[PDB]
A.B. asks: 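Following this message is one structure expressed as structure tokens.
Residue numbering restarts at 1 for every chain, and letters A, B, ... go by the order of the sequence lines. When reading the values below, keep in mind they use all heavy atoms of this one structure, side chains included, and skip hydrogens, waters and symmetry mates.
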There are 4 protein chains.
Amino acid sequence: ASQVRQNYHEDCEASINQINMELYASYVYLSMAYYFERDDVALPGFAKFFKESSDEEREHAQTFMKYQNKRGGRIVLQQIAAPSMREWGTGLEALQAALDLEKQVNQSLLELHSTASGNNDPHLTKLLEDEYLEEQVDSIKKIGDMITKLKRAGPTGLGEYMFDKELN
Amino acid sequence: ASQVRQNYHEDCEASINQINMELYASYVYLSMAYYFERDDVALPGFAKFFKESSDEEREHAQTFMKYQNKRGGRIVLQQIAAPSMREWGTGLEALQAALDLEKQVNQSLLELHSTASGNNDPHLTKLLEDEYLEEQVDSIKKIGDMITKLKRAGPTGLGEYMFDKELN
Amino acid sequence: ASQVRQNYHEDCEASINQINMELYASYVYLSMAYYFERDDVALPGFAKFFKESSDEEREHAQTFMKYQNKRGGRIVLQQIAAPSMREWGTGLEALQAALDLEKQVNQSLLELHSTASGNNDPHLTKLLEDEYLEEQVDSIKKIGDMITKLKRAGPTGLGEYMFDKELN
Amino acid sequence: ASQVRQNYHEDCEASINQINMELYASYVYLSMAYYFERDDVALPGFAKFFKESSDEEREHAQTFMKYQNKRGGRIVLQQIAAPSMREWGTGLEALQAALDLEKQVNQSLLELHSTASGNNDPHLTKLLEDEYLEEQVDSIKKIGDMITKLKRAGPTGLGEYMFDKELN
Ligand SMILES: [Fe+3]
Ligand SMILES: [Fe+3]
Ligand SMILES: [Fe+3]
Ligand SMILES: [Fe+3]
Ligand SMILES: [Hg+2]
Ligand SMILES: [Hg+2]
Ligand SMILES: [Hg+2]
Ligand SMILES: [Hg+2]
């Protein structure tokens, strides 16, 4: 094993290899970002919001890869599936898909925390609490807020046009 | 009595112990402020306005406590009643309740001015005029304007969204 | 349930609504602060120390309210009970009551942490460790030191006068 | 009468000619200020405190002289009586005499306010409330505080020496 490896169970190492999910989350949001720059969609505020979301998921994946190396695990990269859905529809329908996605990632993150806790890895539980679970709750609450605000503004038409601008 | 007490009636001293009313009004606005940060409400402009209102009612109570000590009275702190509701409805409904609350505090402040006048305490009538009654009238006028503007913008829907931005 | 709620058990949500206990603590220390500005007490250093304590305790409560909303729980505000006393005695007696109130809050916060651990909510255990338990131990240690310093300086008379200046 | 006098009653004009009382209080504090600079007293903080008090009482008299002229009345100066004592005792005893004199002046001001109210002179009641009664209550609270602090420090000996310093 690695000269650095210590108290790092093979179950966590393989669970970390979550990297693929973060990269998938990054790619969903990249799809969303450029869907909204379409000449027949033209929602630059949503575009910028999802471009940033895509960058952050990719960084989240890179922190996990860096963590793999710190502990002596070995990174195994797999293919990144494309989103099954290309036409995200309205801004509200994209936000509802992002909420669900943000929410599947956080379940995965909470499952990896339970694995880490069961195998008495406090370095891993600390990482997850400080670098991931905190960000995930903020992101989910934010998107919820955005959904509520867009339904108030009027999920389609003028309210969608005005909500996009406060988002730019 | 206190070595500093002079021309200070025990009825005014009891009426000042108004301190409880200000703290309650501060507690109503704190309730409103965080209600507007719910993920299913998300009115960040209403939230801020009522966060500022809550701080500045609490400062009102502290100026009364300091006054109590200045004149040689003794501060008796009572329980702060829970705010009359959990949920405050629309932003319009919350402005209406704040208007009702502001006029109730004004009426209490005017009654304390009458007691102070009746017992020939010009230092108290000065306090109430310069530090409370002026700002109460200004506050009541502000909230009334805001109610008129929000009814104009359309008390619900896009108008509430756009009026909230104004207020942020 | 809220669109954002996940892994948020109803017992933790009820226990968070700790908010009331924070607000009560804020109200005890506000009572202390203005007691020490009485013309027959005049301890401006103690007064400043407890004004600041009262601000901090109200901020802790607001962070619990902001937290209740992040997780999708609902804030249920409560009456704030009067401080058990009008008058707090010597500066030492006020410090001793504060130490005891700080330990009572710490026990409550430890109990909330237990229930959060038992229901496998690491986002909430992180909140409690990073935002409350650390500060709580530092505050208790601080008041311990002060009690020791004030007994050394001579809890009454000139020593209390000199200790108070060091606190201003 | 003057080209300016309007709603100015003769008994208020004679009550303002308070000028003499302010000048006497100024002279008392001038006596205290230099008493505390005697080589066998040597209390520079008390000395500075009373120097400033004497300056401020003189300004109060001057504002009344200006006020007399503003209203069309005529200033009649009278003999300024000597302070009743050459020597003021301990620091505590000087503060007690000053408290007594602050309350005698305050009472005189309150009687002039009643006179002004009975003759429906709101210009003069505003003068009194804003330029004298407010500063008078603050002065009395301050001196009250100082007396309690000095008794706490230990009205004589080391405590008197330390308290004078915090006053410097
Ligand atoms: Fe992520
Ligand atoms: Fe107020
Ligand atoms: Fe706290
Ligand atoms: Fe004066
Ligand atoms: Hg593991
Ligand atoms: Hg009264
Ligand atoms: Hg729980
Ligand atoms: Hg008069």
Side-chain angles (χ1 to χ4, degrees), chain A residues 28-57 88-102 135-168, chain B residues 32-53 88-95 145-168, chain C residues 2-4 66 69-70 72:
Chain A
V28 173
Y29 289 140
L30 186 67
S31 177
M32 281 181 194
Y34 286 93
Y35 169 82
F36 282 110
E37 288 195 340
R38 274 167 77 71
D39 76 33
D40 60 357
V41 176
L43 284 165
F46 283 91
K48 183 183 166 263
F49 178 80
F50 286 127
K51 291 194 217 219
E52 294 180 356
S53 298
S54 181
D55 290 345
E56 289 167 3
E57 296 305 312
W88 302 103
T90 61
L92 173 59
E93 288 168 333
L95 286 182
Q96 292 167 325
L99 183 64
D100 291 338
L101 179 59
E102 285 294 285
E135 179 279 330
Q136 206 73 14
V137 160
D138 291 341
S139 169
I140 287 163
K141 171 66 164 63
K142 180 180 179 189
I143 286 166
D145 290 5
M146 282 162 73
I147 288 168
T148 306
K149 290 177 169 190
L150 179 50
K151 291 178 179 181
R152 172 182 294 107
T156 76
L158 179 53
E160 188 183 52
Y161 168 84
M162 300 300 314
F163 177 83
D164 178 81
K165 306 298 171 292
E166 197 61 25
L167 195 63
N168 207 19
Chain B
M32 282 185 191
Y34 282 85
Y35 165 80
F36 284 114
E37 293 195 341
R38 284 170 53 165
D39 73 29
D40 61 2
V41 181
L43 285 163
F46 281 89
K48 179 173 174 177
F49 174 81
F50 287 117
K51 289 180 183 181
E52 288 165 357
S53 299
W88 300 96
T90 58
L92 176 61
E93 284 172 336
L95 290 175
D145 288 359
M146 303 179 51
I147 285 168
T148 301
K149 292 170 173 183
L150 176 55
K151 286 175 175 179
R152 172 173 300 113
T156 62
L158 179 59
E160 184 174 47
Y161 176 78
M162 303 292 301
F163 178 88
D164 175 83
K165 283 166 79 176
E166 274 47 69
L167 199 66
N168 213 353
Chain C
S2 156
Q3 70 193 316
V4 313
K66 177 181 199 235
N69 276 335
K70 281 186 180 181

A.B. asks: Any ion pair linking A/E37 and A/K51 (charged N to carboxylate O, less than 4.0 Å)?
C.D. replies: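 So A/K51 pairs with A/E37 through a salt bridge.
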A.B. asks: In sequence, state the C-alpha distance, the side-chain angles, and the governing distance for A/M32 and A/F46, and then conclude on side-chain contact (heavy atoms from CB on, under 4.5 Å).
C.D. replies: CA-CA 8 Å; A/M32 281 181 194; A/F46 283 91; over 6 Å; no
A.B. asks: Is the shortest distance from a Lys or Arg side-chain nitrogen in A/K142 or A/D138 to a carboxylate oxygen in the other one below 4.0 Å?
C.D. replies: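 Salt bridge flag = no for A/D138 with A/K142.
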A.B. asks: With no hydrogens and no angle check, is any side-chain donor or acceptor of A/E102 less than 3.5 Å from a backbone partner on A/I140?
C.D. replies: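 Looks like no, no N/O pair under 3.5 Å.
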A.B. asks: Evaluate B/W88 against B/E93 for side-chain contact (heavy atoms from CB on, under 4.5 Å), listing each step before the verdict.
C.D. replies: CA-CA 7 Å; B/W88 300 96; B/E93 284 172 336; over 6 Å; no
A.B. asks: Between B/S53 and B/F49 (side chain of the first, backbone of the second, donor and acceptor by atom type, cut-off under 3.5 Å), is there such a pair?
C.D. replies: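 Judged by distance alone, yes, a pair lies under 3.5 Å.
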A.B. asks: Ignoring hydrogens and geometry, is there a side-chain-to-backbone donor-acceptor pair from A/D145 to B/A42 under 3.5 Å?
C.D. replies: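 No; judged by distance alone, with no hydrogens or angles, the pair does not exist.
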A.B. asks: Using atom types as modelled and distance alone, determine if a side-chain donor or acceptor of C/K70 lies under 3.5 Å from a backbone N or O of C/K66.
C.D. replies: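 No: the side chain of C/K70 does not pair with the backbone of C/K66.
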A.B. asks: So which heavy atom on B/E166 is nearest to which on B/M162, and how close?
C.D. replies: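 Closest heavy-atom pair between B/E166 and B/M162: OE1-O, 2.5 Å.
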A.B. asks: Is any side-chain heavy atom of A/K48 less than 4.5 Å from a side-chain heavy atom of A/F36?
C.D. replies: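 The answer is no, as the side chains (C-beta and beyond) never meet within the 4.5 Å cut-off.
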A.B. asks: Roughly how far, to the nearest 0.5 Å, is CD1 of A/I147 from CD of C/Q3?
C.D. replies: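 The distance works out to 4.5 Å.
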A.B. asks: Does the side chain of A/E57 reach to within under 4.5 Å of the side chain of A/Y29, using non-hydrogen atoms?
C.D. replies: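 When only atoms from C-beta onward are counted, A/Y29 and A/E57 do touch, with a gap below 4.5 Å.
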A.B. asks: Does C/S2 form a side chain to side chain donor-acceptor pair (under 3.5 Å) with B/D39? I'd like the steps, not just the answer.
C.D. replies: CA-CA 8 Å; C/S2 156; B/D39 73 29; 2.3 Å; yes
A.B. asks: Between B/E160 and B/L150, is there a donor-acceptor pair closer than 3.5 Å when you use the side chain of the first and the backbone of the second?
C.D. replies: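 The answer is no, because no donor-acceptor pair under 3.5 Å joins these two groups.
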A.B. asks: Within a strict 4.5 Å, meaning less than it, do heavy atoms of the A/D164 and A/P44 side chains meet?
C.D. replies: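 Side chain of A/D164 against side chain of A/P44, heavy atoms only: contact under 4.5 Å found.
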A.B. asks: Would B/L167 and B/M146 count as a side-chain contact (heavy atoms from CB on, under 4.5 Å) if you check the C-alpha gap in whole Å, the side-chain angles of each, and the deciding distance to 0.1 Å?
C.D. replies: CA-CA 9 Å; B/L167 199 66; B/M146 303 179 51; 3.5 Å; yes
A.B. asks: Among A/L95, A/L92, A/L43, which residue satisfies the side-chain contact (heavy atoms from CB on, under 4.5 Å) criterion with A/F163?
C.D. replies: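 Filter result, single survivor: A/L95.
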A.B. asks: Spell out, as yes or no, whether a donor-acceptor pair under 3.5 Å connects the side chain of B/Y35 to the backbone of B/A94.
C.D. replies: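 Not a single qualifying donor-acceptor pair exists.
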A.B. asks: Would you say NZ of B/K165 has more than 12 non-hydrogen atoms from neighbouring residues, nucleotides or ligands within 6.0 angstrom?
C.D. replies: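 Counting neighbours around NZ of B/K165, more than 12 heavy atoms of other residues, nucleotides or ligands fall under 6.0 Å, so yes.
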A.B. asks: Do A/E56 and A/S139 have a side chain donor and acceptor closer than 3.5 Å?
C.D. replies: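 Result is no, nothing qualifies.
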A.B. asks: Strictly distance-based, threshold 3.5 Å: is any side-chain N or O of A/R152 a donor or acceptor partner for the main-chain N or O of B/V41?
C.D. replies: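 Indeed, once roles are kept as given, a pair shorter than 3.5 Å links the two residues.
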A.B. asks: Looking at every heavy atom in both A/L99 and A/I143, which two are closest together, and how far apart are they?
C.D. replies: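 Reported closest heavy-atom pair: CB-CG2, 3.7 Å.
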A.B. asks: Can you list every ring-ring contact (aromatic ring centres under 6.0 Å, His included) pair that touches residues 135-157 of chain A, not counting sequence neighbours?
C.D. replies: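 Counting only pairs at least two positions apart or across chains, no ring-ring contact (aromatic ring centres under 6.0 Å, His included) contact touches residues 135-157 of chain A.
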